[PDB]
Amino acid sequence: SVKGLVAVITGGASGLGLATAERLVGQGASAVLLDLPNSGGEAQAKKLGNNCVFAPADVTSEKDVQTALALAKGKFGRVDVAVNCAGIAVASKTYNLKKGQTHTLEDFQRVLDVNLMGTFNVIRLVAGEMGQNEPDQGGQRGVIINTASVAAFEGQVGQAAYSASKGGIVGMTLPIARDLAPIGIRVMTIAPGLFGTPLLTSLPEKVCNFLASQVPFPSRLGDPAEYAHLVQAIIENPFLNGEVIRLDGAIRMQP
RNA sequence: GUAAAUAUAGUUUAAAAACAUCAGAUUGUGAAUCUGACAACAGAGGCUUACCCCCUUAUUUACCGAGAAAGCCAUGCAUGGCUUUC
Ligand SMILES: NC(=O)c1ccc[n+]([C@@H]2O[C@H](COP(=O)([O-])OP(=O)(O)OC[C@H]3O[C@@H](n4cnc5c(N)ncnc54)[C@H](O)[C@@H]3O)[C@@H](O)[C@H]2O)c1
């Protein structure tokens with residue numbers, strides 16, 4: 001069970017973060033949806049009930065995340081789990097010879113800031129918050145679960161910046177786990193494949209059908225409920241640490 | 001086997017369109033496109049400007065011989081049986 005746990009879910013107003021919040025609150029936990037002010041996260045928080053609260057914050061801003069964690073601590077008294085699901089996607093080729101078009105540096109920089117820098121900002125602040133928790137019978141003060149992508153391993157054409165940020169998350173998973181091992185905080189990463197979230201369901205139906213056919217088995221877009229299930233499995237297993245799990249249905253992206 | 005109808009070669013409704021098909025396009029999210037390929041209303045034969053038919057296959061449906069006239073018998077003017085004629 002995860003009853004009584006407090007989860008800070010960044011990007012918790014939509015998609016994978018929303019599914020994780022729904023599952024965890026359904027099992028009896030308390031959730032803090034840390035999201036952007038104009039993401040409609042207050043409606044989701046109210047829909048989830050009393051055990052869910054909304055924190056309007058930008059993961060790329062230290063002050064916003066600090067205020068969100070202060071709100072979480074005041075409302076629920078502590079933080080046990082952190083789920084970094086905030087992120088943005090951008091498609092852009094590094095260089096197009098035919099069009100003479102070059103990848104803009106702003107796109108790369110903002111993708112980095114939102115994904116990699118935002119994940120690290122949340123991780124460090126929430127690790128500081130967890131360090132105050134009395135270790136349990138197993139000596140654990142908390143769990144941090146980051147959302148990478150399979151683009152961190154076989155990113156496609158136009159995914160240079162996205163792949164850079166997700167590969168950064170993958171590369172920094174183990175060092176942070178080693179850093180926080182003395183503190184008793186487990187650090188894990190989930191690298192989902194193609195999931196039926198607003199980041200993908202907004203595409204034309206033919207594209208969605210093709211993507212579903214591209215998954216070996218099951219030949220469908222991943223359900224966010226499956227991501228939530230894997231997150232809960234990581235939370236409950238005390239021996240999963242410093243590892244990246246590919247929740248992608250055995251797909252390997254084509255160029 | 002013999003008469004009728006019917007026959008859309010990717011599909012459908014019409015009497016030409018819509019959906020489809022093949023090749024190329026590294027497409028900035030209407031590519032929901034652009035450049036091309038294919039385009040034969042079952043198959044073959046004329047004949048008057050135009051005026052339709054004849055034939056061959058394919059599918060579905062139904063498939064080869066007793067009228068009247070007169071004389072007699074039985075039943076309740078009508079019916080059944082028989083005899084001679086065309
Ligand atoms: N959708 C997929 O198929 C897929 C696959 C692999 C990885 N991922 C990653 O999984 C994560 C889950 O996102 P999703 O798929 O649900 O898409 P999503 O857009 O539905 O979820 C992203 C969430 O992050 C929030 N957010 C964005 N920028 C933020 C910021 N600066 N501060 C705070 N909150 C912010 C958004 O408001 C939203 O709630 C993302 O990081 C995504 O890149 C998604």
Side-chain angles (χ1 to χ4, degrees), chain A residues 9-20 33-41 43-44 56 58-61 84-119 146-171 189-228 246-255:
Chain A
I9 295 143
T10 80
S14 163
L16 301 180
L18 184 52
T20 309
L33 317 183
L34 191 153
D35 210 306
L36 289 168
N38 45 34
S39 59
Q44 299 298 330
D58 202 354
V59 297
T60 75
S61 165
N84 290 278
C85 283
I88 54 149
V90 166
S92 193
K93 296 170 82 156
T94 304
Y95 180 66
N96 208 343
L97 191 71
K98 283 168 79 72
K99 318 207 303 208
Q101 200 192 2
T102 306
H103 198 306
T104 304
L105 194 52
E106 274 94 1
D107 298 343
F108 191 88
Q109 185 57 87
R110 81 189 167 94
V111 172
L112 280 195
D113 286 349
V114 172
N115 290 359
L116 192 40
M117 193 266 283
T119 298
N146 318 311
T147 314
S149 182
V150 296
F153 307 111
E154 68 270 14
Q156 319 180 272
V157 158
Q159 285 196 309
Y162 188 73
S163 286
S165 58
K166 297 317 200 159
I169 280 157
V170 165
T189 293
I190 301 169
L194 308 168
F195 273 64
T197 54
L199 171 63
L200 280 189
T201 55
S202 58
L203 285 169
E205 203 73 346
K206 259 187 66 51
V207 176
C208 295
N209 273 305
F210 173 61
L211 294 173
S213 74
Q214 283 298 82
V215 187
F217 175 77
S219 289
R220 54 143 169 87
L221 295 178
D223 199 330
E226 292 147 350
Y227 180 93
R246 297 180 52 143
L247 186 62
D248 61 354
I251 196 174
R252 299 290 186 274
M253 308 309 278
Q254 293 170 350

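Quick note: numbers below take in every heavy atom, side chains included, and nothing from hydrogens, waters or symmetry partners. In the text below, chain A, chain B and the rest are named by the order of the sequence lines, each starting its count at 1.
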If [N] has a Watson-Crick or G-U wobble mate with both distances under 3.5 Å, name it; if not, just say none.
N	answer
B/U49	none
B/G67	B/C86
B/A32	none
B/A74	B/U79
B/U59	B/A5
B/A39	none
B/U26	none
B/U11	B/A18

Chi-angle category of B/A39 [syn within 90° of 0, anti beyond]: syn
What pucker do you get for [N] when you go by the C1'-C2'-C3'-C4' torsion?
N	value
B/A31	south
B/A39	south
B/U29	south
B/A68	north
B/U61	north

Would you measure the distance from the [atom1] atom in [N] across to the matching atom in [M] and give it in whole Å?
N	M	atom1	result
B/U21	B/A16	P	24 Å
B/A20	B/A9	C1'	15 Å
B/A69	B/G76	P	25 Å
B/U6	B/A15	P	16 Å
B/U13	B/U2	P	33 Å
B/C86	B/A66	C1'	13 Å
B/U35	B/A42	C1'	36 Å
B/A5	B/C54	P	11 Å

Straight-line distance of A/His103 NE2 to A/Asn96 CG, nearest 0.5 Å: 12.0 Å
[atom1] of [X] versus [atom2] of [N]: gap in Å, rounded?
X	N	atom1	atom2	result
A/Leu211	B/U29	CG	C1'	13 Å
A/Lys93	B/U27	NZ	P	5 Å
A/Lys98	B/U26	NZ	P	6 Å
A/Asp107	B/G28	CG	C1'	11 Å
A/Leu97	B/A25	CG	P	16 Å
A/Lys206	B/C19	NZ	P	15 Å
A/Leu203	B/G28	CG	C1'	13 Å
A/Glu106	B/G28	CD	P	21 Å

Is it true that the neighbouring bases [N] and [M] have six-membered rings whose centres sit under 5.5 Å apart and whose planes meet at under 30°?
N	M	answer
B/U11	B/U12	yes
B/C41	B/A42	no
B/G28	B/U29	no
B/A7	B/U8	no
B/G65	B/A66	no

Audit row: A/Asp248, A/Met253, side chain to side chain contact (heavy atoms under 4.5 Å, CB included) steps and yes/no: CA-CA 10 Å; A/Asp248 61 354; A/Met253 308 309 278; over 6 Å; no
A/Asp113 and A/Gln109: CA distance, side-chain angles, deciding distance, side chain to side chain donor-acceptor pair (under 3.5 Å) verdict: CA-CA 6 Å; A/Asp113 286 349; A/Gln109 185 57 87; 2.9 Å; yes
A/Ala86 backbone acceptor or donor facing A/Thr10 side chain under 3.5 Å: yes
Side chain to side chain contact (heavy atoms under 4.5 Å, CB included) between A/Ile190 and A/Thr147, worked out: CA-CA 5 Å; A/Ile190 301 169; A/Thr147 314; 5.6 Å; no
Check against side chain to side chain contact (heavy atoms under 4.5 Å, CB included), A/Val90 and A/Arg110: CA-CA 10 Å; A/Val90 166; A/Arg110 81 189 167 94; 3.1 Å; yes
A/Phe217, CZ: over 12 other non-hydrogen atoms inside 6.0 angstrom: no
Taking every non-hydrogen atom, the tightest pair across A/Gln156 and A/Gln254: NE2-O, 2.8 Å
